[PDB]
(Lines of atoms letter the chains of each structure in order from A and count residues from 1; the text may use other names and numbers.)
(Lines give C-alpha, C1' and ligand atoms only; values in the text may rest on other atoms or scores of the structure.)
Protein backbone atom coordinates (compact mmCIF):
# COMPACT_ATOMS: atom_id res chain seq x y z
CA UNK A 1 0.00 0.00 0.00
CA UNK A 2 2.65 2.54 1.06
CA UNK A 3 6.43 2.37 0.63
CA UNK A 4 8.97 5.20 0.87
CA UNK A 5 12.45 5.20 -0.69
CA UNK A 6 14.95 7.91 0.21
CA UNK A 7 17.47 9.22 -2.31
CA UNK A 8 20.57 11.38 -2.15
CA UNK A 9 22.55 12.33 0.90
CA UNK A 10 26.21 12.08 1.84
CA UNK A 11 29.12 14.22 2.99
CA UNK A 12 28.86 18.00 2.63
CA UNK A 13 31.03 20.93 3.68
CA UNK A 14 29.74 23.26 6.42
CA UNK A 15 27.64 25.90 4.72
CA UNK A 16 27.07 23.69 1.68
CA UNK A 17 23.85 22.51 0.08
CA UNK A 18 22.29 19.09 -0.45
CA UNK A 19 18.96 17.86 -1.84
CA UNK A 20 17.19 14.79 -0.48
CA UNK A 21 14.49 13.03 -2.50
CA UNK A 22 11.81 10.49 -1.60
CA UNK A 23 9.37 8.63 -3.85
CA UNK A 24 6.18 7.07 -2.46
CA UNK A 25 4.84 3.91 -4.10
CA UNK A 26 1.93 1.56 -3.57
CA UNK A 27 -1.80 1.65 -4.26
CA UNK A 28 -2.46 2.73 -0.66
CA UNK A 29 -0.83 6.13 -1.14
CA UNK A 30 -3.49 8.79 -1.75
CA UNK A 31 -2.23 12.38 -1.41
CA UNK A 32 -0.84 11.67 2.04
CA UNK A 33 1.13 14.26 3.94
CA UNK A 34 4.86 13.67 3.49
CA UNK A 35 7.74 14.82 5.64
CA UNK A 36 11.30 14.31 6.82
CA UNK A 37 12.58 13.23 10.23
CA UNK A 38 16.19 12.95 11.37
CA UNK A 39 18.05 11.25 14.21
CA UNK A 40 21.41 12.52 15.44
CA UNK A 41 24.02 9.95 16.61
CA UNK A 42 22.95 10.11 20.26
CA UNK A 43 19.57 11.87 20.15
CA UNK A 44 15.98 10.85 19.50
CA UNK A 45 14.12 11.13 16.20
CA UNK A 46 13.14 14.69 15.37
CA UNK A 47 10.99 16.41 12.75
CA UNK A 48 12.78 18.40 10.06
CA UNK A 49 9.99 19.45 7.70
CA UNK A 50 6.62 18.29 6.41
CA UNK A 51 4.17 19.24 3.67
CA UNK A 52 0.53 18.26 3.13
CA UNK A 53 -1.28 17.59 -0.15
CA UNK A 54 -2.67 21.13 0.10
CA UNK A 55 0.93 22.39 0.08
CA UNK A 56 0.94 23.57 3.70
CA UNK A 57 4.45 23.35 5.14
CA UNK A 58 5.71 22.82 8.68
CA UNK A 59 9.33 23.35 9.74
CA UNK A 60 11.28 22.78 12.92
CA UNK A 61 12.66 26.09 14.18
CA UNK A 62 16.27 24.89 13.96
CA UNK A 63 16.02 24.32 10.18
CA UNK A 64 13.53 27.09 9.38
CA UNK A 65 14.60 29.10 6.34
CA UNK A 66 17.76 27.09 5.70
CA UNK A 67 15.69 24.07 4.60
CA UNK A 68 12.88 24.08 2.03
CA UNK A 69 10.43 21.26 1.26
CA UNK A 70 8.32 20.69 -1.85
CA UNK A 71 6.35 17.83 -3.38
CA UNK A 72 5.31 16.59 -6.82
CA UNK A 73 1.74 15.40 -6.31
CA UNK A 74 1.46 13.62 -9.67
CA UNK A 75 4.70 11.69 -9.01
CA UNK A 76 4.13 11.24 -5.24
CA UNK A 77 7.64 12.56 -4.59
CA UNK A 78 8.77 14.87 -1.78
CA UNK A 79 12.00 16.89 -1.90
CA UNK A 80 14.05 18.37 0.95
CA UNK A 81 16.44 21.14 -0.11
CA UNK A 82 19.05 21.91 2.55
CA UNK A 83 21.22 25.04 2.56
CA UNK A 84 23.66 26.63 5.00
CA UNK A 85 24.27 23.19 6.48
CA UNK A 86 25.75 23.01 9.97
CA UNK A 87 27.71 20.18 11.65
CA UNK A 88 24.73 19.76 14.01
CA UNK A 89 22.64 18.83 10.94
CA UNK A 90 24.55 15.53 10.75
CA UNK A 91 21.98 12.74 11.18
CA UNK A 92 20.18 9.89 9.47
CA UNK A 93 17.29 11.45 7.53
CA UNK A 94 14.10 9.38 7.28
CA UNK A 95 11.30 10.04 4.78
CA UNK A 96 7.84 9.77 6.33
CA UNK A 97 4.21 9.78 5.23
CA UNK A 98 0.84 10.13 6.86
CA UNK A 99 -1.56 12.91 7.65
CA UNK A 100 -1.29 16.32 9.23
CA UNK A 101 1.64 18.55 10.05
CA UNK A 102 3.66 15.71 11.66
CA UNK A 103 3.14 12.60 9.50
CA UNK A 104 4.63 9.49 11.12
CA UNK A 105 2.49 6.60 9.83
CA UNK A 106 5.01 5.25 7.29
CA UNK A 107 8.80 5.43 7.20
CA UNK A 108 11.70 4.85 4.84
CA UNK A 109 14.98 3.10 5.55
CA UNK A 110 16.82 6.39 6.06
CA UNK A 111 19.80 8.06 4.42
CA UNK A 112 22.96 9.45 6.01
CA UNK A 113 23.89 13.14 5.84
CA UNK A 114 27.28 14.18 7.25
CA UNK A 115 28.25 17.84 7.63
CA UNK A 116 31.86 18.34 8.70
CA UNK A 117 34.91 20.27 7.56
CA UNK A 118 37.12 18.06 5.40
CA UNK A 119 39.68 18.19 2.59
CA UNK A 120 38.33 19.95 -0.51
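Numbering follows the first chain given and starts at 1.
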| property | result |
| --- | --- |
| Given 39-47 and 53-61, the range whose Cα B-factors average higher in the PDB entry | 39-47 |
| Comparing 25-33 with 84-92, the one whose average Cα B-factor in the PDB entry is higher | 25-33 |
| Ranked C-alpha temperature factor of residue 70 among modelled chain residues, by third | lowest |
| Third assignment of residue 108 from its chain's C-alpha B-factors | middle |
| Position of residue 20 among the chain's modelled residues by C-alpha B-factor, lowest, middle or highest third | middle |
| Residue 9, C-alpha B-factor rank within chain (lowest, middle or highest third) | highest |
